[PDB]
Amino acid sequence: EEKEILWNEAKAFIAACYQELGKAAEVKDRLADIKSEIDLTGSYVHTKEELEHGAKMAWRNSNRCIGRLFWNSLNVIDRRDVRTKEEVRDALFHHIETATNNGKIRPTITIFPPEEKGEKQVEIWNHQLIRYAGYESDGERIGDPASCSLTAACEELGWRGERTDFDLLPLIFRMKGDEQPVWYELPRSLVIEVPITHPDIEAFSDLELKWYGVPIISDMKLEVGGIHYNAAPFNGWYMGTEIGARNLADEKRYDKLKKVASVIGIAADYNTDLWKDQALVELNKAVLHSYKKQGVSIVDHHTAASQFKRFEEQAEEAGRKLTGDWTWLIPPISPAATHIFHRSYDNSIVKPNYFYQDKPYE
């Protein structure tokens, strides 16, 4: 029965993949071999070329991503050979180092063995490989609230955070056959962080804000031709509003706008003064400035939207339908200053793609 779903997804994927790669003649024979492999084994294994192109197609089809112009230059690392937790840890360390690339961030994905019978071989608990811990106990709030439940689960496993506002969570993942995940502290030499300063306002450093250099999303499932790679962490570089308009600004995140207003010298007393807006713009200028000054890749939302316009143009020229999720593509500051705001997008789901999956804690 699932052989049916699998074979169907296989046909659809191999045909499209090989057509894009100029390999249309090889489809019939490759499909023959896949049909046999499924019958005999219940599954099939992707060639290196298929897996690479599949992961790139999945980024290309990610409706919520403004950064897709660069889909074809994704660096794909095939780690389907891993079997041990040391190998997994070392692969994850390696991904941090190679994606970071001394600041000149390389979009990269590391792909681990896929689910077999719906059974995961490796289950990554982190939301991102680099993320700060969060704590809330009797009135006291420290760190990133979005990390509270994962932080608590880590401290059930014997990890203990220093309870600064920026503790790095350890890597945490579980291997097939193990009842419990294992965790490993990140080597600080691998993790670039950027202090936030402002180009003109010297007091801005008084806020003692910082953020990490590379967002490496590690909790999504990559699905390609019916094969489910539940562990396949990937990264790009940040768009500054993710940090300045959301991570540092949201009330349920670091909630810094009132402190930003004070250091930039404006009152935070009257809605009509638009002090939240002014604070957001200055915080976002600081974030871009800081990353650039330190030589860590970042894109501003205007440049990102201009790149996305080229992605829409390239889709049309290639004769591919564009899909998109307008509610995620607009940036959270000045969205109507981008072309995205002024058009609509078909939010159809096309595979290969990246998918949410249930948390293993919570």
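One rule holds for the numbers: they count along the sequence shown, beginning at 1. By rigid core we mean the largest C-alpha set that fits within 1.5 Å across both forms.
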{"property": "Farther-lying stretch by C-alpha RMS in 5 other deposited structures of this protein, rigid core as reference, of 352 to 360 and 1 to 9", "result": "1 to 9"}
{"property": "Stretch with the greater mean C-alpha B-factor as recorded in the entry, comparing 151 to 159 against 236 to 244", "result": "151 to 159"}
{"property": "Between the two ranges 187 to 195 and 174 to 182, the one averaging a larger CA B factor in the entry", "result": "174 to 182"}
{"property": "Top Cα B factor in the deposited entry, candidates 302, 60, 309, 321", "result": "321"}
{"property": "Options 66, 45, 333, 298 - largest CA temperature factor per the record", "result": "45"}
{"property": "Chain-relative CA temperature factor third for residue 255", "result": "lowest"}
{"property": "Entry-reported Cα temperature factor of residue 337, expressed as the chain third it lands in", "result": "middle"}
{"property": "CA B-factor ranking of residue 213, expressed as a third of its chain", "result": "lowest"}
{"property": "Ranked C-alpha temperature factor of residue 94 among modelled chain residues, by third", "result": "middle"}
{"property": "For residue 103, the third of its chain into which the C-alpha B factor falls", "result": "middle"}
